[PDB]
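Engineer: mmCIF, C-alpha atoms, saved as model33.cif, coming up:
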data_entry
loop_
_atom_site.label_atom_id
_atom_site.label_comp_id
_atom_site.auth_asym_id
_atom_site.auth_seq_id
_atom_site.Cartn_x
_atom_site.Cartn_y
_atom_site.Cartn_z
CA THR A 1 25.78 23.64 -29.90
CA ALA A 2 24.38 20.11 -30.19
CA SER A 3 27.71 18.37 -29.45
CA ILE A 4 27.04 18.44 -25.70
CA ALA A 5 23.66 16.74 -26.15
CA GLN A 6 25.22 14.06 -28.37
CA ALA A 7 27.96 13.44 -25.81
CA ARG A 8 25.41 13.20 -23.00
CA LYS A 9 23.22 10.75 -24.92
CA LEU A 10 26.26 8.63 -25.84
CA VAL A 11 27.33 8.60 -22.18
CA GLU A 12 23.83 7.50 -21.15
CA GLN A 13 23.85 4.75 -23.79
CA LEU A 14 27.20 3.44 -22.52
CA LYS A 15 25.88 3.66 -18.95
CA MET A 16 22.94 1.45 -19.91
CA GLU A 17 25.11 -0.99 -21.88
CA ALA A 18 27.61 -1.42 -19.04
CA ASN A 19 24.97 -2.63 -16.55
CA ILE A 20 24.28 -5.92 -18.32
CA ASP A 21 24.64 -9.40 -16.85
CA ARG A 22 27.29 -11.28 -18.85
CA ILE A 23 27.73 -15.03 -18.50
CA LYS A 24 31.02 -16.84 -18.98
CA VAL A 25 31.96 -17.89 -22.51
CA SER A 26 32.17 -21.53 -21.38
CA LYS A 27 28.43 -21.75 -20.68
CA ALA A 28 27.55 -19.94 -23.92
CA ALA A 29 29.75 -22.21 -26.04
CA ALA A 30 28.30 -25.25 -24.25
CA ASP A 31 24.78 -24.02 -25.03
CA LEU A 32 25.68 -23.49 -28.69
CA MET A 33 27.23 -26.97 -28.91
CA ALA A 34 24.19 -28.52 -27.22
CA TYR A 35 21.82 -26.81 -29.64
CA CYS A 36 23.93 -27.87 -32.63
CA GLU A 37 24.09 -31.49 -31.44
CA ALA A 38 20.40 -31.73 -30.52
CA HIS A 39 19.21 -30.60 -33.97
CA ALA A 40 21.92 -32.37 -35.97
CA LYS A 41 19.61 -35.24 -36.95
CA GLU A 42 16.85 -32.83 -38.02
CA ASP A 43 19.23 -30.83 -40.24
CA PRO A 44 18.94 -31.89 -43.92
CA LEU A 45 22.14 -29.97 -44.76
CA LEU A 46 24.38 -31.34 -42.01
CA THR A 47 23.25 -34.91 -42.72
CA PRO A 48 21.92 -35.11 -46.29
CA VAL A 49 18.54 -36.85 -46.38
CA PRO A 50 18.08 -39.61 -48.99
CA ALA A 51 17.33 -38.43 -52.52
CA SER A 52 13.90 -40.09 -52.31
CA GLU A 53 12.99 -37.46 -49.68
CA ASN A 54 14.57 -34.41 -51.34
CA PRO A 55 11.79 -32.18 -52.75
CA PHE A 56 14.37 -30.88 -55.26
CA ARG A 57 15.29 -34.32 -56.63
CA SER B 1 35.47 21.71 -19.75
CA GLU B 2 31.93 20.32 -19.65
CA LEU B 3 31.87 18.16 -22.79
CA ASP B 4 35.54 17.20 -22.39
CA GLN B 5 34.92 15.50 -19.04
CA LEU B 6 31.79 13.90 -20.49
CA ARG B 7 33.80 12.36 -23.33
CA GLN B 8 36.47 11.30 -20.83
CA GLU B 9 33.76 9.53 -18.82
CA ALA B 10 32.50 7.91 -22.03
CA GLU B 11 36.01 6.65 -22.83
CA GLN B 12 36.39 5.35 -19.27
CA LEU B 13 33.07 3.51 -19.56
CA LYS B 14 34.12 2.02 -22.90
CA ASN B 15 37.34 0.79 -21.30
CA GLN B 16 35.30 -0.59 -18.39
CA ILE B 17 33.02 -2.62 -20.67
CA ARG B 18 36.06 -3.75 -22.69
CA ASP B 19 37.81 -5.10 -19.59
CA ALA B 20 34.55 -6.65 -18.37
CA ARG B 21 34.29 -8.52 -21.68
CA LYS B 22 37.95 -9.54 -21.38
CA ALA B 23 37.42 -10.83 -17.83
CA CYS B 24 34.29 -12.76 -18.82
CA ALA B 25 36.27 -14.36 -21.69
CA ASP B 26 37.83 -17.32 -19.90
CA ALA B 27 38.21 -19.39 -23.08
CA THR B 28 37.29 -19.22 -26.76
CA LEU B 29 35.19 -21.28 -29.15
CA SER B 30 38.36 -22.61 -30.79
CA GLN B 31 39.62 -24.73 -27.89
CA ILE B 32 36.17 -25.73 -26.61
CA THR B 33 35.01 -27.33 -29.88
CA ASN B 34 38.39 -28.60 -31.08
CA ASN B 35 37.50 -32.24 -30.31
CA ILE B 36 34.17 -32.18 -32.17
CA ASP B 37 34.00 -34.26 -35.34
CA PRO B 38 34.34 -32.08 -38.46
CA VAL B 39 31.51 -32.00 -40.97
CA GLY B 40 33.92 -32.84 -43.78
CA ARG B 41 33.48 -31.78 -47.37
CA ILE B 42 29.93 -30.60 -48.08
CA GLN B 43 28.78 -31.19 -51.65
CA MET B 44 25.83 -29.07 -52.81
CA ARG B 45 24.25 -29.44 -56.24
CA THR B 46 22.29 -26.85 -58.20
CA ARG B 47 18.96 -28.68 -58.19
CA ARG B 48 17.00 -25.74 -59.61
CA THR B 49 17.96 -22.55 -61.44
CA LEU B 50 15.23 -19.90 -61.21
CA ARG B 51 16.06 -18.04 -64.39
CA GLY B 52 13.72 -15.22 -65.43
CA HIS B 53 15.12 -11.99 -63.96
CA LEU B 54 16.67 -9.59 -66.51
CA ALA B 55 18.85 -7.59 -64.07
CA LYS B 56 21.09 -8.11 -61.06
CA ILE B 57 19.32 -9.66 -58.07
CA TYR B 58 19.81 -7.77 -54.80
CA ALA B 59 17.70 -9.64 -52.23
CA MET B 60 15.52 -12.69 -51.71
CA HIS B 61 13.53 -14.19 -48.86
CA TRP B 62 12.21 -17.72 -48.39
CA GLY B 63 8.59 -18.25 -47.47
CA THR B 64 7.47 -19.83 -44.23
CA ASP B 65 6.39 -22.98 -46.10
CA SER B 66 9.98 -23.41 -47.40
CA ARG B 67 8.61 -23.62 -50.96
CA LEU B 68 7.90 -20.06 -52.12
CA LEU B 69 10.56 -17.36 -52.35
CA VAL B 70 10.37 -13.70 -53.46
CA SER B 71 13.37 -12.30 -55.36
CA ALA B 72 13.87 -8.59 -56.10
CA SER B 73 15.97 -7.31 -58.98
CA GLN B 74 16.96 -3.94 -60.41
CA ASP B 75 14.81 -5.02 -63.37
CA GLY B 76 11.97 -3.40 -61.44
CA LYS B 77 10.22 -6.69 -60.70
CA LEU B 78 9.70 -8.85 -57.57
CA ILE B 79 9.03 -12.43 -58.72
CA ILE B 80 7.59 -15.06 -56.37
CA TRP B 81 9.03 -18.44 -57.31
CA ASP B 82 7.60 -21.89 -56.68
CA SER B 83 11.04 -23.32 -55.97
CA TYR B 84 9.79 -26.92 -56.20
CA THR B 85 8.79 -26.51 -59.87
CA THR B 86 10.59 -23.23 -60.73
CA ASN B 87 7.24 -21.59 -61.49
CA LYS B 88 6.61 -17.84 -61.35
CA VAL B 89 3.62 -17.45 -59.04
CA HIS B 90 3.63 -13.64 -59.30
CA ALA B 91 5.57 -10.87 -61.04
CA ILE B 92 5.00 -7.60 -59.16
CA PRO B 93 6.16 -4.54 -61.16
CA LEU B 94 7.77 -2.18 -58.66
CA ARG B 95 7.22 1.57 -58.84
CA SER B 96 10.99 2.19 -58.62
CA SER B 97 13.49 -0.21 -60.18
CA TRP B 98 16.10 0.67 -57.52
CA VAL B 99 15.21 -2.06 -55.02
CA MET B 100 17.77 -3.29 -52.50
CA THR B 101 15.64 -5.48 -50.21
CA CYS B 102 12.59 -7.71 -50.10
CA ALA B 103 10.77 -9.81 -47.54
CA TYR B 104 8.10 -12.49 -47.19
CA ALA B 105 5.57 -12.22 -44.38
CA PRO B 106 5.48 -15.16 -41.94
CA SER B 107 1.81 -15.68 -42.80
CA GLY B 108 2.68 -15.52 -46.50
CA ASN B 109 -0.01 -12.94 -47.28
CA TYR B 110 2.30 -9.94 -47.75
CA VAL B 111 5.66 -9.10 -49.32
CA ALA B 112 7.74 -5.96 -48.92
CA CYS B 113 10.26 -4.13 -51.08
CA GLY B 114 12.43 -1.06 -50.73
CA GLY B 115 15.55 0.67 -51.92
CA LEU B 116 16.71 4.03 -53.22
CA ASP B 117 13.10 5.27 -53.37
CA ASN B 118 13.15 5.70 -49.54
CA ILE B 119 9.78 3.89 -49.31
CA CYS B 120 9.19 0.35 -48.01
CA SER B 121 6.29 -0.68 -50.22
CA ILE B 122 4.12 -3.57 -49.01
CA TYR B 123 2.19 -5.77 -51.44
CA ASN B 124 -0.88 -7.91 -50.72
CA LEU B 125 -0.56 -11.25 -52.49
CA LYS B 126 -3.93 -12.72 -51.48
CA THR B 127 -6.65 -10.40 -52.80
CA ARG B 128 -10.21 -10.93 -53.98
CA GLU B 129 -9.43 -9.09 -57.22
CA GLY B 130 -6.88 -11.81 -58.01
CA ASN B 131 -3.91 -9.52 -58.66
CA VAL B 132 -1.14 -8.22 -56.41
CA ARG B 133 -1.40 -4.56 -55.44
CA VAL B 134 0.55 -2.39 -53.02
CA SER B 135 -1.30 -2.02 -49.72
CA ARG B 136 0.76 0.48 -47.69
CA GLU B 137 3.74 2.55 -48.86
CA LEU B 138 5.75 3.23 -45.71
CA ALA B 139 7.47 6.62 -46.00
CA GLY B 140 9.56 8.43 -43.41
CA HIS B 141 13.05 7.06 -43.99
CA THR B 142 15.57 9.70 -45.04
CA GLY B 143 18.10 7.14 -46.27
CA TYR B 144 17.83 4.33 -48.79
CA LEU B 145 16.14 1.14 -47.61
CA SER B 146 18.58 -1.69 -46.88
CA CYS B 147 16.72 -4.56 -45.19
CA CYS B 148 13.12 -5.07 -44.10
CA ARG B 149 11.74 -7.97 -42.08
CA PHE B 150 8.19 -8.79 -41.00
CA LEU B 151 7.33 -9.04 -37.32
CA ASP B 152 3.71 -10.00 -38.05
CA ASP B 153 1.21 -9.23 -40.81
CA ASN B 154 0.91 -5.73 -39.30
CA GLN B 155 4.42 -4.97 -37.98
CA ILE B 156 7.57 -4.64 -40.10
CA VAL B 157 11.05 -3.47 -39.08
CA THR B 158 13.18 -1.70 -41.69
CA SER B 159 16.79 -0.53 -41.80
CA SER B 160 17.60 2.54 -43.89
CA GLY B 161 20.66 4.48 -44.98
CA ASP B 162 19.88 7.32 -42.56
CA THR B 163 21.68 5.53 -39.68
CA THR B 164 18.27 4.57 -38.20
CA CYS B 165 16.16 1.43 -38.01
CA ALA B 166 12.40 1.79 -37.59
CA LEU B 167 9.50 -0.37 -36.44
CA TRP B 168 6.43 0.27 -38.58
CA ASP B 169 2.71 -0.29 -38.11
CA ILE B 170 1.33 -1.26 -41.51
CA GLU B 171 -2.27 -0.46 -40.56
CA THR B 172 -1.45 3.17 -39.71
CA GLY B 173 1.76 3.58 -41.73
CA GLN B 174 3.59 5.43 -38.94
CA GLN B 175 6.81 4.37 -37.22
CA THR B 176 5.78 2.82 -33.91
CA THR B 177 9.37 2.95 -32.60
CA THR B 178 12.50 4.49 -34.11
CA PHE B 179 15.92 2.99 -33.41
CA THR B 180 18.87 5.39 -33.24
CA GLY B 181 22.54 5.03 -32.38
CA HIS B 182 24.30 3.90 -35.54
CA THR B 183 27.08 6.07 -36.96
CA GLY B 184 27.16 4.59 -40.48
CA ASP B 185 24.48 3.41 -42.87
CA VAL B 186 22.58 0.38 -41.60
CA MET B 187 22.85 -2.37 -44.21
CA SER B 188 21.04 -5.41 -42.80
CA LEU B 189 18.97 -6.69 -39.91
CA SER B 190 17.84 -10.11 -38.72
CA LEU B 191 14.87 -10.84 -36.47
CA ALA B 192 15.38 -13.19 -33.56
CA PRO B 193 13.53 -16.53 -33.69
CA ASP B 194 11.68 -15.42 -30.54
CA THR B 195 10.73 -12.22 -32.42
CA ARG B 196 11.27 -10.08 -29.31
CA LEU B 197 14.74 -8.86 -30.39
CA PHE B 198 16.65 -8.07 -33.56
CA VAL B 199 20.20 -7.10 -34.49
CA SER B 200 21.34 -4.71 -37.20
CA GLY B 201 24.75 -4.32 -38.82
CA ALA B 202 25.84 -0.92 -40.10
CA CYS B 203 28.67 0.63 -42.08
CA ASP B 204 30.36 1.80 -38.86
CA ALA B 205 31.66 -1.77 -38.32
CA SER B 206 29.28 -2.31 -35.41
CA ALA B 207 26.21 -4.50 -34.90
CA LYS B 208 23.62 -3.28 -32.40
CA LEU B 209 21.10 -5.55 -30.66
CA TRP B 210 17.81 -3.68 -30.28
CA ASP B 211 14.51 -4.39 -28.53
CA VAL B 212 11.24 -4.11 -30.43
CA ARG B 213 9.17 -2.97 -27.43
CA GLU B 214 11.82 -1.10 -25.43
CA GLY B 215 12.78 0.87 -28.53
CA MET B 216 16.48 1.48 -27.83
CA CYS B 217 19.68 -0.49 -28.34
CA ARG B 218 20.50 -3.09 -25.69
CA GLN B 219 23.96 -4.32 -26.74
CA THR B 220 26.61 -3.17 -29.21
CA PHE B 221 29.17 -5.47 -30.83
CA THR B 222 32.40 -4.34 -32.50
CA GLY B 223 35.42 -6.01 -34.03
CA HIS B 224 34.99 -5.60 -37.78
CA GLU B 225 37.38 -3.40 -39.75
CA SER B 226 34.94 -2.42 -42.52
CA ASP B 227 31.25 -2.06 -43.30
CA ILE B 228 28.88 -4.85 -42.29
CA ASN B 229 26.86 -6.08 -45.26
CA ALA B 230 24.80 -8.89 -43.75
CA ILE B 231 23.70 -10.36 -40.39
CA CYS B 232 21.85 -13.55 -39.32
CA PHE B 233 20.69 -14.88 -35.88
CA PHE B 234 21.96 -18.34 -34.82
CA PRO B 235 18.84 -20.54 -34.79
CA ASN B 236 18.56 -20.55 -30.93
CA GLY B 237 18.43 -16.76 -30.99
CA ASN B 238 21.39 -16.47 -28.60
CA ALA B 239 24.02 -15.59 -31.22
CA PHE B 240 24.43 -14.05 -34.66
CA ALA B 241 26.94 -13.87 -37.50
CA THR B 242 28.04 -10.80 -39.46
CA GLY B 243 29.27 -10.47 -43.03
CA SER B 244 31.63 -7.58 -43.67
CA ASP B 245 33.75 -6.02 -46.42
CA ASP B 246 37.09 -7.18 -44.94
CA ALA B 247 36.59 -10.81 -46.02
CA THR B 248 35.74 -12.17 -42.57
CA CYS B 249 32.60 -13.44 -40.84
CA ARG B 250 32.33 -13.04 -37.07
CA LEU B 251 30.05 -15.00 -34.73
CA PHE B 252 29.02 -12.73 -31.88
CA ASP B 253 27.05 -13.87 -28.84
CA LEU B 254 24.21 -12.00 -27.16
CA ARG B 255 24.71 -13.45 -23.68
CA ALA B 256 28.52 -13.29 -23.63
CA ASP B 257 28.41 -9.80 -25.22
CA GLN B 258 31.52 -10.48 -27.31
CA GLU B 259 32.65 -12.23 -30.47
CA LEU B 260 33.24 -15.98 -30.34
CA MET B 261 34.78 -16.96 -33.68
CA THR B 262 36.05 -15.32 -36.87
CA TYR B 263 35.66 -16.95 -40.29
CA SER B 264 38.60 -15.72 -42.35
CA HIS B 265 40.90 -17.25 -44.96
CA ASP B 266 43.99 -15.82 -46.64
CA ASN B 267 42.75 -16.81 -50.11
CA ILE B 268 39.56 -14.75 -49.77
CA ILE B 269 40.04 -10.98 -50.02
CA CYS B 270 36.58 -9.94 -51.21
CA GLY B 271 33.88 -9.00 -48.74
CA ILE B 272 30.77 -10.92 -47.73
CA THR B 273 27.42 -9.92 -49.24
CA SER B 274 24.98 -12.26 -47.47
CA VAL B 275 25.10 -14.75 -44.61
CA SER B 276 22.65 -17.40 -43.46
CA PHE B 277 22.66 -20.24 -40.94
CA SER B 278 21.60 -23.85 -41.36
CA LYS B 279 18.62 -25.38 -39.56
CA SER B 280 20.82 -26.71 -36.75
CA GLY B 281 23.16 -23.71 -36.89
CA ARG B 282 26.23 -25.86 -37.60
CA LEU B 283 26.80 -24.61 -41.16
CA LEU B 284 27.07 -20.89 -41.88
CA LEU B 285 26.65 -20.08 -45.57
CA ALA B 286 28.25 -16.81 -46.68
CA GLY B 287 28.09 -15.09 -50.04
CA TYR B 288 31.24 -13.37 -51.28
CA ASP B 289 32.13 -11.05 -54.16
CA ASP B 290 34.46 -13.63 -55.79
CA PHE B 291 31.34 -15.14 -57.46
CA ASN B 292 31.51 -17.97 -54.89
CA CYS B 293 29.48 -18.90 -51.80
CA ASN B 294 31.36 -20.61 -48.99
CA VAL B 295 29.85 -22.98 -46.42
CA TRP B 296 31.68 -22.36 -43.14
CA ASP B 297 31.65 -24.54 -40.05
CA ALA B 298 30.09 -22.52 -37.24
CA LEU B 299 31.90 -24.39 -34.45
CA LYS B 300 35.14 -25.06 -36.38
CA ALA B 301 35.73 -22.11 -38.77
CA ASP B 302 36.65 -24.67 -41.43
CA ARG B 303 35.91 -24.15 -45.12
CA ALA B 304 33.56 -27.07 -45.85
CA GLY B 305 32.23 -26.89 -49.39
CA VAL B 306 31.93 -24.10 -51.92
CA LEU B 307 28.93 -23.07 -54.03
CA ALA B 308 31.20 -21.97 -56.83
CA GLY B 309 28.86 -22.12 -59.81
CA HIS B 310 27.22 -18.70 -59.93
CA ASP B 311 29.18 -16.77 -62.60
CA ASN B 312 28.81 -13.47 -60.72
CA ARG B 313 28.79 -11.81 -57.31
CA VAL B 314 26.18 -13.44 -55.08
CA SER B 315 24.16 -10.72 -53.35
CA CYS B 316 21.49 -12.66 -51.44
CA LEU B 317 21.42 -15.94 -49.54
CA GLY B 318 18.58 -17.80 -47.88
CA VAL B 319 18.13 -21.13 -46.11
CA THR B 320 14.67 -22.67 -45.96
CA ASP B 321 12.68 -22.64 -42.73
CA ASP B 322 13.05 -26.43 -42.47
CA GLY B 323 16.64 -26.21 -43.71
CA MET B 324 15.85 -28.38 -46.73
CA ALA B 325 17.65 -26.23 -49.29
CA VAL B 326 19.77 -23.10 -49.73
CA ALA B 327 18.91 -20.50 -52.37
CA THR B 328 21.57 -18.02 -53.50
CA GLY B 329 20.85 -15.18 -55.92
CA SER B 330 23.52 -13.21 -57.73
CA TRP B 331 24.08 -10.25 -60.05
CA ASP B 332 23.77 -12.52 -63.09
CA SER B 333 19.99 -12.56 -62.50
CA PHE B 334 20.01 -16.25 -61.55
CA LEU B 335 18.65 -17.94 -58.42
CA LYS B 336 20.06 -21.38 -57.65
CA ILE B 337 18.68 -23.83 -55.08
CA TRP B 338 21.31 -26.03 -53.41
CA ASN B 339 20.93 -28.99 -51.08
CA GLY B 340 23.14 -31.92 -50.19
CA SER B 341 22.64 -35.50 -51.32
CA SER B 342 23.70 -38.75 -49.65
#
Show this structure as structure tokens.

Structural biologist:
Amino acid sequence: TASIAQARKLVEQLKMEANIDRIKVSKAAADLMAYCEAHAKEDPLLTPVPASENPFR
Amino acid sequence: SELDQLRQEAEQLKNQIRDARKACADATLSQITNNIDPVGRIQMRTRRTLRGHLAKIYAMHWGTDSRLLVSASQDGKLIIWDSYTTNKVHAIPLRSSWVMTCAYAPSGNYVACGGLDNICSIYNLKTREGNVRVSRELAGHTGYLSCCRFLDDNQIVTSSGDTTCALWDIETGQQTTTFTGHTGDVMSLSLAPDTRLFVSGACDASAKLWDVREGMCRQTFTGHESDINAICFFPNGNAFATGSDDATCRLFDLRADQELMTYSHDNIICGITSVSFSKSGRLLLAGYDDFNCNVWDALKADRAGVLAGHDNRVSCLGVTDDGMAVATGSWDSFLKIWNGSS
């Protein structure tokens, strides 16, 4: 029976996944907001560049 | 009595990680970014229409130069488009017309294709003979190919329908590492910008974050109620978004190990076929089965603009490397390039 081996490997996978350092959601959301704000000016979809600079004009 | 206690321990560990995620979730993305200025209505115009395919388009990938794109159709052809002038650089006739994925190498020398033929063929664009010929046909996947991405000119990671993702060595043709753990068919994968990690969404409503060198899954994300059709990494590589069949897009986070925002609307009932992020990661473009292509706000979950003019179900979506334009391909064998204007 291979069910025991599958259960053991699943248990080991969960054992590995549990021991992971998780930061608070506040810091992660702050990092995402900082990245979005820093590259806002360089985004030609957030802030449409003038039509003279669009390669697809 | 042996496997029963093992499964009880597995359930206890799952509850433990669930409550750890709950405890680490002090707030949510909704209240944190509620004071940010909304992007407003986003108007995108079909600047170019890359007509030429004679069958439904299933995948496309932008080049690194943000000018060339490969599109694969069930016509049996992979056409490399000069999106600036809508010119067909190449027209590679595939061995099998059942192609469900395609990729463009970061160096631009190689392209890949795969599908129901179980083989991830790799084509060499730059050859002394002047034509495009298949270099290495990667075989070893039991299930249909779903998504292939290029690590380098010699390493490519593929996701198949046999519940397994594989890292391939093009020079030798053998799977360097094999990724296992998915219960349902793996439908898409997205390489991290730092190239050292990649996530893969499967039909078991779970996205697993793997490691290219370690070779086994590092984190597993759940929350979807149906199959996951698409996945993309937030530009910083610390988050990703999933497109599923239950008409919702979810923004998971690698570091927080839990979902941050869901992109759902009562009007939309059809699933998502492809997702892609903007250059700054603020706009998440998702392709639905209602022939439309929404442009969600990553930090606001607000419908901001619709790429409505596609006449059929959009199956692939791709934002340029510099974020200049968005190309969406559909089952009407049309590729349309969209970008905003002031």

Engineer: Please evaluate the PyMOL selection byres ((chain B) within 7 of (chain A)) against the structure above and give the resulting residues as a CSV table (one decimal) with C-alpha atoms, in the frame of the given file.

Structural biologist:
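Generated file (out.csv):
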chain,number,residue,atom,x,y,z
B,3,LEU,CA,31.9,18.2,-22.8
B,6,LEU,CA,31.8,13.9,-20.5
B,7,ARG,CA,33.8,12.4,-23.3
B,10,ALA,CA,32.5,7.9,-22.0
B,13,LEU,CA,33.1,3.5,-19.6
B,17,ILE,CA,33.0,-2.6,-20.7
B,24,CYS,CA,34.3,-12.8,-18.8
B,25,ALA,CA,36.3,-14.4,-21.7
B,26,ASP,CA,37.8,-17.3,-19.9
B,27,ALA,CA,38.2,-19.4,-23.1
B,28,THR,CA,37.3,-19.2,-26.8
B,29,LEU,CA,35.2,-21.3,-29.2
B,47,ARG,CA,19.0,-28.7,-58.2
B,84,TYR,CA,9.8,-26.9,-56.2
B,218,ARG,CA,20.5,-3.1,-25.7
B,219,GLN,CA,24.0,-4.3,-26.7
B,255,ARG,CA,24.7,-13.4,-23.7
B,256,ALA,CA,28.5,-13.3,-23.6
B,257,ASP,CA,28.4,-9.8,-25.2
B,279,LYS,CA,18.6,-25.4,-39.6
B,280,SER,CA,20.8,-26.7,-36.8
B,281,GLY,CA,23.2,-23.7,-36.9
B,282,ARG,CA,26.2,-25.9,-37.6
B,323,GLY,CA,16.6,-26.2,-43.7
B,324,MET,CA,15.8,-28.4,-46.7
B,339,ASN,CA,20.9,-29.0,-51.1
B,340,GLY,CA,23.1,-31.9,-50.2
B,341,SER,CA,22.6,-35.5,-51.3
B,342,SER,CA,23.7,-38.8,-49.6

Engineer: For each of B:126, B:21, B:95, B:56, take the minimum atom-to-atom distance to residue 332 of chain B, counting all atoms listed in the file, then give the residue where this is smallest.

Structural biologist: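 Among B:126, B:21, B:95, B:56, it is B:56 that comes nearest to residue 332 of chain B.
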
Engineer: What does the structure give for the distance between atom CA of residue 37 of chain B and atom CA of residue 299 of chain B, in Å to one decimal?

Structural biologist: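 Between atom CA of residue 37 of chain B and atom CA of residue 299 of chain B the gap is 10.1 Å.
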
Engineer: Write out as a ChimeraX atom specification each polymer residue whose atoms come within 7 Å of residue 202 of chain B, counting only C-alpha atoms; drop sequence neighbours fewer than 4 positions from it.

Structural biologist: /B:182,184-187,206-207,227-228

Engineer: With the file shown as input, list the residues that the PyMOL selection byres ((chain B and resi 224) around 12) selects, as a ChimeraX atom specification.

Structural biologist: /B:201-207,221-223,225-229,241-252,259,262-264,271

Engineer: So which residues get picked by the PyMOL selection byres ((chain B and resi 63) around 8) here, written as a VMD selection string?

Structural biologist: chain B and resid 61 to 62 64 to 70 104 to 106 108 320 to 321

Engineer: When you count only C-alpha atoms, which of these residues is closest to residue 199 of chain B: B:295, B:217, B:284, B:306?

Structural biologist: B:217

Engineer: Just how far from atom CA of residue 90 of chain B is atom CA of residue 138 of chain B, in Å to one decimal?

Structural biologist: 21.8 Å

Engineer: Would you mind reading off the distance between atom CA of residue 209 of chain B and atom CA of residue 330 of chain B, one decimal, in Å?

Structural biologist: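 For atom CA of residue 209 of chain B relative to atom CA of residue 330 of chain B, the distance reads 28.2 Å.
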
Engineer: Tell me, as a ChimeraX atom specification, which residues lie within 10 Å of segment 164-175 of chain B, counting only C-alpha atoms; anything in the same chain fewer than 3 positions away does not count.

Structural biologist: /B:120,122,135-143,145-161,178-189,200,202,210,212-213,215

Engineer: Can you complete the atoms of segment 17-29 of chain A to N, CA, C and O atoms and list them as a compact mmCIF listing (two decimals), in the frame of the given file?

Structural biologist:
# COMPACT_ATOMS: atom_id res chain seq x y z
N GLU A 17 24.49 0.23 -21.35
CA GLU A 17 25.11 -0.99 -21.88
C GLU A 17 26.04 -1.64 -20.88
O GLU A 17 26.19 -2.87 -20.89
N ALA A 18 26.68 -0.85 -20.01
CA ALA A 18 27.61 -1.42 -19.04
C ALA A 18 26.89 -2.31 -18.04
O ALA A 18 27.39 -3.38 -17.68
N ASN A 19 25.71 -1.89 -17.57
CA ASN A 19 24.97 -2.63 -16.55
C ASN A 19 24.15 -3.74 -17.21
O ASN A 19 22.92 -3.71 -17.29
N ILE A 20 24.87 -4.76 -17.68
CA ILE A 20 24.28 -5.92 -18.32
C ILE A 20 24.94 -7.17 -17.76
O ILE A 20 26.17 -7.23 -17.65
N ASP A 21 24.12 -8.15 -17.39
CA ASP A 21 24.64 -9.40 -16.85
C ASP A 21 25.26 -10.23 -17.97
O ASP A 21 24.57 -10.61 -18.93
N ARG A 22 26.55 -10.51 -17.86
CA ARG A 22 27.29 -11.28 -18.85
C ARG A 22 27.69 -12.63 -18.25
O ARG A 22 28.30 -12.68 -17.18
N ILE A 23 27.34 -13.71 -18.95
CA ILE A 23 27.73 -15.03 -18.50
C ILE A 23 29.12 -15.34 -19.04
O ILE A 23 29.64 -14.66 -19.92
N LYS A 24 29.72 -16.40 -18.50
CA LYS A 24 31.02 -16.84 -18.98
C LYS A 24 30.88 -17.46 -20.37
O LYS A 24 29.84 -18.01 -20.73
N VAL A 25 31.95 -17.35 -21.16
CA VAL A 25 31.96 -17.89 -22.51
C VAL A 25 31.83 -19.41 -22.51
O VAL A 25 31.35 -19.99 -23.49
N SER A 26 32.26 -20.07 -21.44
CA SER A 26 32.17 -21.53 -21.38
C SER A 26 30.71 -21.99 -21.46
O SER A 26 30.37 -22.87 -22.25
N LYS A 27 29.84 -21.38 -20.65
CA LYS A 27 28.43 -21.75 -20.68
C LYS A 27 27.78 -21.45 -22.02
O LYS A 27 26.98 -22.25 -22.51
N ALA A 28 28.09 -20.30 -22.62
CA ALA A 28 27.55 -19.94 -23.92
C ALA A 28 27.98 -20.89 -25.02
O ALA A 28 27.16 -21.32 -25.84
N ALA A 29 29.27 -21.25 -25.05
CA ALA A 29 29.75 -22.21 -26.04
C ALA A 29 29.13 -23.58 -25.81
O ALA A 29 28.80 -24.29 -26.77
